[PDB]
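> Let's see this in three dimensions:
(one chain, ligands or ions: 2)
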Amino acid sequence: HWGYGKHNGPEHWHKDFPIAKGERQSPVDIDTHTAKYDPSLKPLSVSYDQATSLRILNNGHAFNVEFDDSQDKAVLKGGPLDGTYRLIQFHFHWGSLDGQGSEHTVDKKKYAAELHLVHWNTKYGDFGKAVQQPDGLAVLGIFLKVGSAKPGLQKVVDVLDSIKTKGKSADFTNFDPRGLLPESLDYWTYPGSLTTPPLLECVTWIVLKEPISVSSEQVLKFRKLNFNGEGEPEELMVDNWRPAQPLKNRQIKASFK
Ligand SMILES: Cc1occc(=S)c1O
Ligand SMILES: [Zn+2]
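Residues are numbered from 1 along each chain as shown. Ligands and ions are numbered 1, 2, ... in the order given. Structure data below:
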């Protein structure tokens with residue numbers, strides 16, 4: 001099945017998922033000089049005070065922190081979005097080395113990692129119905145650079161031991177996603193897709209300009225995770241990022257002057 005290696009990696013995905021070569025694939029390179037300030041964007045609103053985390057899961061491609069989305073509790077709205085999008089999970093993509101790991105790039109610059117906070121449009125009732133819609137999802141992307149530690153990331157780093165291999169999960173309640181946000185909400189936005197199979201073209205991407213810093217010791221622990229399941233030959237979970245895809249018929253809008 002699909003993965004990030006030579007034989008089942010991004011260059012292979014089109015075979016099972018032909019939309020891989022579609023008209024609004026992600027990630028993309030953000031050319032900061034071609035992105036246009038858009039004065040028609042409303043301010044962005046990230047309301048995570050009632051967020052309720054439940055569980056953390058190694059799914060063999062990354063780890064997901066999953067949230068209880070059965071009620072109106074952690075929402076994204078405003079910016080390019082119409083209506084209300086509810087947080088369902090976050091995950092990261094990262095590299096084998098600090099020079100690579102983000103999926104989006106900014107003037108061809110690769111960050112050490114990228115955080116994806118995934119939300120579904122509440123007019124569609126649930127996540128499964130939302131991913132059949134062109135405006136079903138909104139993903140808030142945040143770059144990570146290696147420098148100072150992020151304190152609000154450490155509870156996630158400390159639980160990674162317990163989810164080393166594919167299919168392991170642990171209880172992960174009362175995690176506050178606010179502690180993963182940079183100061184500025186300046187962002188670029190464009191229409192795109194999931195960056196993993198099934199690569200559905202259902203996503204409004206909101207990529208923040210300001211990266212958060214995490215420590216080398218924090219990102220080192222992400223790299224100790226495994227793609228394989230327990231008792232299998234060890235393949236470190238590293239380089240689980242898809243490269244930049246053709247922009248095609250799309251414009252990237254900036255929220256800031
Ligand atoms: C599984 C999944 O869902 C939403 C967004 C992304 S990038 C992803 O991998
Ligand atoms: Zn992702």
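> Every contact and neighbour count from this point should use C-alpha atoms.
Fine.
> Within range of ligand 1, give me the residues from this structure.
118, 194-196 (CA under 6 Å from any ligand atom).
> now, which of those sits nearest residue 160?
For the residues of the chain next to ligand 1, the minimum distance to residue 160 (CA to CA) is 20.3 Å, reached by residue 118.
> Apart from its neighbours in sequence, what residue is nearest the closest one?
Closest residue to residue 118 apart from its sequence neighbours, by CA to CA, 6 or more residues apart in numbering: residue 139 at 4.6 Å.
> Each with direction, which strands does the strand or helix carrying that neighbour pair with?
Mapping residue 139 onto the secondary structure by DSSP states H and E places it in strand 137-146. Using DSSP bridges, the strands paired with strand 137-146 are strand 113-121 (antiparallel), strand 203-208 (parallel), strand 212-214 (parallel).
> got those as JSON lines, with mean neighbour count columns?
Output for the strands paired with strand 137-146, formatted as JSON lines (neighbours: other CA atoms under 10 Å):
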{"stretch": "strand 113-121", "mean neighbour count": "25"}
{"stretch": "strand 203-208", "mean neighbour count": "25"}
{"stretch": "strand 212-214", "mean neighbour count": "21"}
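> now those as TSV including distance to residue 70?
Listed next are the strands paired with strand 137-146 as TSV, based on distance: least, CA to CA, whole Å:
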stretch	distance to residue 70
strand 113-121	12
strand 203-208	21
strand 212-214	29
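> out of the ones you listed, nearest to residue 177?
Per CA to CA, nearest to residue 177 of the strands paired with strand 137-146: strand 113-121, 9.1 Å.
> Return the distance of the closest one from the chain's centre.
4 Å (CA atoms, centre = their mean, to the nearest Å).
> now swap in stretch 124-138 and tell me
Per CA atoms, centre = their mean, the centroid offset for stretch 124-138 relative to its chain is 16 Å.
> Next: stretch 25-39.
Using CA atoms, centre = their mean, the offset of stretch 25-39 from its chain centre is 17 Å.
> could I get that stretch in CSV with only the CA atoms?
Taking C-alpha atoms only, stretch 25-39 is exported to CSV below (Å, rounded to 0.1, in the frame of the first residue of the first chain):
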residue,chain,number,x,y,z
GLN,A,25,-3.0,19.3,-5.5
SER,A,26,-1.0,20.1,-2.4
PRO,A,27,1.4,21.0,-1.0
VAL,A,28,2.7,23.9,-3.2
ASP,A,29,5.6,26.3,-3.2
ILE,A,30,4.5,29.7,-1.8
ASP,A,31,6.1,32.3,-4.0
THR,A,32,5.9,35.3,-1.6
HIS,A,33,6.5,37.7,-4.5
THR,A,34,3.6,36.4,-6.6
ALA,A,35,1.1,36.0,-3.7
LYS,A,36,-1.3,39.0,-3.6
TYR,A,37,-2.6,40.8,-0.5
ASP,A,38,-6.4,40.3,-0.6
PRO,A,39,-8.3,43.1,1.2
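> Contacts for it, please.
Residues from elsewhere that reach stretch 25-39, judged by CA atoms under 8 Å, 6 or more residues apart in numbering: 19, 103-108, 188, 192-195, 199, 201, 242-247, 251-257.
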